[PDB]
């Protein structure tokens, strides 16, 4: 689609505690995507329950929210062509037992409840998650010096 597509990527509290902030950012950075927003944050419980509002009936919802509250979160917005779908491919399968080596979860995660990172699963959910986690002023506008070498 368009090279200005954006997605929401968040390093979960287990990824921060295990020192994976650098490696995870390098995966998207080396792929050619543009970081337009990033901040370390500890959101309230109500925001995390809204982020996972589609899973409010799951049995693991209560444990998921409390685990997302157990530490800081590195919330990011990455911009690039097909960055939503490609971003999920970089993260790996939701259950890292089903993820392939070379992906984030395939290299670092074991339990589905401790899968290190989060990524938007659709363009519409990406826009809803970006507006939920970031203010419009936190989206930084700039052009990469190698844009014409990453994109045709």
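Positions refer to the first chain, counted from 1. Basically, rigid core = biggest C-alpha set you can superpose within 1.5 Å across the two forms.
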* Core-aligned Cα RMS comparison in 7 other deposited structures of this protein - stretch that moves more, 56-64 or 40-48 -> 56-64
* Please work out which of 9-17 and 129-137 has the higher mean CA B-factor as recorded in the PDB entry. => 129-137
* To do: Could you check which stretch, 41-49 or 83-91, carries the larger mean CA temperature factor in the entry?
  => 41-49
* For the listed 105, 27, 118, 62, which has the peak Cα B-factor recorded in the PDB entry? -> 62
* Asked: Compared with the other modelled residues in the chain, in which third is the CA B-factor of residue 2?
  -> highest
* Asked: With respect to C-alpha B-factor, does residue 31 fall in the lowest, middle or highest third of the chain as deposited?
  -> lowest
* Within this chain's modelled residues, let me know which third the CA B factor of residue 98 belongs to: lowest, middle or highest. => middle
* Using the B-factors in the PDB entry, rank residue 68's C-alpha atom against the chain and give the third, lowest, middle or highest. => middle
* Structure fact -> Temperature factor at the Cα of residue 123, chain-ranked in thirds, falls in the highest
